[PDB]
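The file input30.cif contains mmCIF, C-alpha atoms:
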data_upload
#
loop_
_atom_site.group_PDB
_atom_site.id
_atom_site.type_symbol
_atom_site.label_atom_id
_atom_site.label_comp_id
_atom_site.auth_asym_id
_atom_site.auth_seq_id
_atom_site.Cartn_x
_atom_site.Cartn_y
_atom_site.Cartn_z
ATOM 1 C CA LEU A 3 117.435 145.459 130.853
ATOM 2 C CA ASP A 4 117.955 141.765 131.383
ATOM 3 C CA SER A 5 117.362 140.583 127.808
ATOM 4 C CA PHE A 6 119.760 143.070 126.375
ATOM 5 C CA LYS A 7 122.752 142.897 128.890
ATOM 6 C CA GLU A 8 122.859 139.185 127.889
ATOM 7 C CA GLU A 9 123.094 140.182 124.220
ATOM 8 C CA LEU A 10 125.975 142.614 124.844
ATOM 9 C CA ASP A 11 127.754 140.223 127.209
ATOM 10 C CA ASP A 12 127.922 137.783 124.280
ATOM 11 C CA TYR A 13 129.010 140.620 121.981
ATOM 12 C CA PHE A 14 131.930 141.650 124.207
ATOM 13 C CA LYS A 15 132.729 137.966 124.662
ATOM 14 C CA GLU A 16 132.932 137.278 120.911
ATOM 15 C CA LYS A 17 135.287 140.208 120.432
ATOM 16 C CA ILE A 18 137.521 139.337 123.386
ATOM 17 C CA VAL A 19 137.914 135.870 121.875
ATOM 18 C CA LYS A 20 138.599 137.134 118.342
ATOM 19 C CA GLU A 21 141.350 139.429 119.624
ATOM 20 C CA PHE A 22 143.047 136.448 121.276
ATOM 21 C CA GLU A 23 142.291 134.229 118.288
ATOM 22 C CA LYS A 24 144.263 136.503 115.983
ATOM 23 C CA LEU A 25 147.095 136.745 118.504
ATOM 24 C CA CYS A 26 147.392 132.938 118.519
ATOM 25 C CA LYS A 27 147.011 132.586 114.765
ATOM 26 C CA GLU A 28 149.892 135.050 114.401
ATOM 27 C CA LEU A 29 152.173 133.563 117.074
ATOM 28 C CA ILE A 30 151.462 129.819 116.868
ATOM 29 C CA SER A 31 151.762 129.730 113.066
ATOM 30 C CA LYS A 32 155.429 130.756 113.576
ATOM 31 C CA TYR A 33 155.947 128.514 116.623
ATOM 32 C CA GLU A 34 158.847 126.086 116.230
ATOM 33 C CA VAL A 35 159.524 123.415 118.824
ATOM 34 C CA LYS A 36 162.960 124.146 120.257
ATOM 35 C CA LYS A 37 164.520 124.868 123.602
ATOM 36 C CA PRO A 38 164.774 127.155 125.570
ATOM 37 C CA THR A 39 161.451 126.482 127.371
ATOM 38 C CA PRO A 40 159.253 128.363 127.971
ATOM 39 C CA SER A 41 159.107 129.354 124.320
ATOM 40 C CA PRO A 42 158.917 133.060 123.426
ATOM 41 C CA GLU A 43 155.508 132.642 121.785
ATOM 42 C CA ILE A 44 154.183 130.769 124.832
ATOM 43 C CA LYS A 45 155.487 133.559 127.066
ATOM 44 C CA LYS A 46 153.831 136.180 124.847
ATOM 45 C CA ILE A 47 150.523 134.323 125.084
ATOM 46 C CA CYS A 48 151.087 134.052 128.851
ATOM 47 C CA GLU A 49 151.618 137.787 129.219
ATOM 48 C CA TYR A 50 148.530 138.546 127.136
ATOM 49 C CA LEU A 51 146.453 136.267 129.384
ATOM 50 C CA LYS A 52 147.862 137.813 132.578
ATOM 51 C CA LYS A 53 147.061 141.233 131.084
ATOM 52 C CA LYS A 54 143.536 140.335 129.981
ATOM 53 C CA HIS A 55 142.535 138.586 133.208
ATOM 54 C CA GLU A 56 143.421 141.532 135.458
ATOM 55 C CA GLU A 57 141.658 143.888 133.044
ATOM 56 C CA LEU A 58 138.595 141.613 132.912
ATOM 57 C CA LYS A 59 138.500 140.958 136.668
ATOM 58 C CA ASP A 60 137.785 144.693 137.187
ATOM 59 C CA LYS A 61 134.581 144.607 135.219
ATOM 60 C CA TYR A 62 132.889 141.195 134.775
ATOM 61 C CA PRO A 63 131.551 138.629 137.251
ATOM 62 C CA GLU A 64 133.492 135.527 138.237
ATOM 63 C CA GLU A 65 131.434 133.205 136.009
ATOM 64 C CA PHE A 66 131.893 135.281 132.850
ATOM 65 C CA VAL A 67 135.680 135.476 133.234
ATOM 66 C CA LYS A 68 135.859 131.681 133.507
ATOM 67 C CA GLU A 69 133.695 131.272 130.403
ATOM 68 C CA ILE A 70 135.951 133.580 128.366
ATOM 69 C CA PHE A 71 139.097 131.781 129.514
ATOM 70 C CA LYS A 72 137.482 128.475 128.589
ATOM 71 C CA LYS A 73 136.912 129.801 125.072
ATOM 72 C CA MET A 74 140.441 131.217 124.779
ATOM 73 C CA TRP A 75 141.756 127.855 125.964
ATOM 74 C CA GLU A 76 139.785 126.097 123.235
ATOM 75 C CA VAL A 77 141.007 128.610 120.631
ATOM 76 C CA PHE A 78 144.639 128.096 121.659
ATOM 77 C CA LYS A 79 144.398 124.301 121.533
ATOM 78 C CA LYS A 80 142.891 124.374 118.036
ATOM 79 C CA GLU A 81 145.632 126.677 116.747
ATOM 80 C CA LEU A 82 148.410 124.661 118.391
ATOM 81 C CA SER A 83 146.865 121.462 117.011
ATOM 82 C CA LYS A 84 147.239 122.614 113.408
ATOM 83 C CA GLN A 85 150.778 123.896 113.881
ATOM 84 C CA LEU A 86 151.878 120.589 115.429
ATOM 85 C CA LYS A 87 150.549 118.656 112.433
ATOM 86 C CA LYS A 88 152.241 121.147 110.100
ATOM 87 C CA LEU A 89 155.551 120.396 111.828
ATOM 88 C CA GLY A 90 155.091 116.636 112.256
ATOM 89 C CA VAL A 91 155.285 116.789 116.080
ATOM 90 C CA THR A 92 153.420 113.888 117.731
ATOM 91 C CA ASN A 93 153.109 112.454 121.253
ATOM 92 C CA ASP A 94 155.861 109.877 120.783
ATOM 93 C CA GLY A 95 158.079 110.310 123.842
ATOM 94 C CA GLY A 96 160.737 112.283 121.976
ATOM 95 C CA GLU A 97 162.366 115.605 122.710
ATOM 96 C CA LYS A 98 160.059 117.564 120.384
ATOM 97 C CA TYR A 99 157.129 116.173 122.366
ATOM 98 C CA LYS A 100 158.728 116.938 125.728
ATOM 99 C CA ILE A 101 159.419 120.520 124.629
ATOM 100 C CA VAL A 102 155.738 120.962 123.711
ATOM 101 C CA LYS A 103 154.803 119.406 127.050
ATOM 102 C CA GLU A 104 157.005 121.831 129.019
ATOM 103 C CA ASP A 105 155.530 124.842 127.214
ATOM 104 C CA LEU A 106 152.012 123.628 127.931
ATOM 105 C CA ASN A 107 152.634 122.897 131.589
ATOM 106 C CA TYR A 108 154.070 126.399 131.906
ATOM 107 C CA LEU A 109 150.969 127.792 130.204
ATOM 108 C CA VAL A 110 148.468 125.825 132.320
ATOM 109 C CA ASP A 111 150.243 126.834 135.534
ATOM 110 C CA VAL A 112 149.919 130.492 134.502
ATOM 111 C CA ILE A 113 146.199 130.203 133.749
ATOM 112 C CA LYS A 114 145.466 128.183 136.882
ATOM 113 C CA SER A 115 147.271 130.708 139.110
ATOM 114 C CA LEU A 116 144.844 133.442 137.995
ATOM 115 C CA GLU A 117 142.217 134.191 140.640
ATOM 116 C CA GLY A 118 139.100 132.128 140.026
ATOM 117 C CA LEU A 119 140.580 129.915 137.279
ATOM 118 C CA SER A 120 142.418 127.273 139.330
ATOM 119 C CA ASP A 121 139.806 124.552 138.660
ATOM 120 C CA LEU A 122 139.493 125.063 134.882
ATOM 121 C CA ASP A 123 139.569 121.865 132.838
ATOM 122 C CA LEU A 124 142.899 122.529 131.112
ATOM 123 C CA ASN A 125 143.643 119.145 129.506
ATOM 124 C CA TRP A 126 145.271 119.214 126.081
ATOM 125 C CA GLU A 127 145.797 115.607 124.979
ATOM 126 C CA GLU A 128 143.384 115.912 122.038
ATOM 127 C CA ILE A 129 145.766 118.288 120.235
ATOM 128 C CA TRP A 130 147.457 115.095 118.969
ATOM 129 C CA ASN A 131 144.148 113.718 117.601
#
Is it possible to express this structure as structure tokens?
Amino acid sequence: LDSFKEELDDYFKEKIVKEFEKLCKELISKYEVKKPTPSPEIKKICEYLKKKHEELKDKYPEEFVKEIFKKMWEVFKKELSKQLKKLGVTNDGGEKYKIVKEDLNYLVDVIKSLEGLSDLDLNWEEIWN
């Protein structure tokens, strides 16, 4: 059934996001802005996303994978936003900012190099707002 596949699609979506949401809550809340870049927590998030994409590619259409990786991107930005305010890191041209910017470029490259995700809107500048 149509009506019902849509309901379960959203159910599996919600749970795929929650699983990543608790990963990020656990890693980003202990993220500290220091070299070496990429940071271990960023790498861990990168390996989870490389793992989940290949596993999701097997079994969902192109459009659904992109929607899930949009939501995970949103969830990551919101978690990183609150950790950066906890630390006092702002977009002020300093080394703490550049370190965050290297980590995030590394992350966005990873996500964009996944098949079907290269055109995702992966801007992050609102994490400072």
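The neighbours of region 35-45 of chain A here are the residues that come within 8 Å of it, using only C-alpha atoms and leaving out any residue fewer than 4 positions away in the same chain; they are residues 29, 30, 49, 98, 101, 102, 104, 105, 108 and 109 of chain A.
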Margin query: Need the shell around region 58-60 of chain A: protein/DNA/RNA residues with any atom at most 10 Å away, counting all atoms listed in the file. Skip same-chain ones fewer than 3 positions apart. Format as number ranges by chain?
Written below: A: 18, 53-55, 63-64, 66-67, 70, 116-118
Notebook entry, point to check: Got a sec to resolve the PyMOL selection byres ((chain A and resi 7-16) around 10) on this structure and send the residues as number ranges by chain?
Noted result: A: 3-6, 17-21, 62, 66-67, 69-70, 73
Using C-alpha atoms, can you export the residues from the last selection as an mmCIF file, in the frame of the given file?
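In the end it all went to again_9.cif:
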data_model
loop_
_atom_site.group_PDB
_atom_site.id
_atom_site.type_symbol
_atom_site.label_atom_id
_atom_site.label_comp_id
_atom_site.auth_asym_id
_atom_site.auth_seq_id
_atom_site.Cartn_x
_atom_site.Cartn_y
_atom_site.Cartn_z
ATOM 1 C CA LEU A 3 117.435 145.459 130.853
ATOM 2 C CA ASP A 4 117.955 141.765 131.383
ATOM 3 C CA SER A 5 117.362 140.583 127.808
ATOM 4 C CA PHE A 6 119.760 143.070 126.375
ATOM 5 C CA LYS A 17 135.287 140.208 120.432
ATOM 6 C CA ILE A 18 137.521 139.337 123.386
ATOM 7 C CA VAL A 19 137.914 135.870 121.875
ATOM 8 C CA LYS A 20 138.599 137.134 118.342
ATOM 9 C CA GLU A 21 141.350 139.429 119.624
ATOM 10 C CA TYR A 62 132.889 141.195 134.775
ATOM 11 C CA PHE A 66 131.893 135.281 132.850
ATOM 12 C CA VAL A 67 135.680 135.476 133.234
ATOM 13 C CA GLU A 69 133.695 131.272 130.403
ATOM 14 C CA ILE A 70 135.951 133.580 128.366
ATOM 15 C CA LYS A 73 136.912 129.801 125.072
#
Check: For the atom pair CA of residue 34 (chain A) and CA of residue 124 (chain A), what is the interatomic distance in Å to one decimal place?
Finding: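 According to the coordinates, CA of residue 34 (chain A) and CA of residue 124 (chain A) are separated by 22.1 Å.
Counting from CA of residue 130 (chain A), the distance to CA of residue 23 (chain A) is 19.8 Å.
For the choices A:27, A:100, A:33, A:131, the atom-to-atom distance to residue 77 (chain A) is smallest for A:27 when using all atoms listed in the file.
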Item checked: Residue nearest residue 47 (chain A) among A:97, A:71, A:126, A:22 (counting all atoms listed in the file) ->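 Between A:97, A:71, A:126, A:22, the residue approaching residue 47 (chain A) most closely is A:22.
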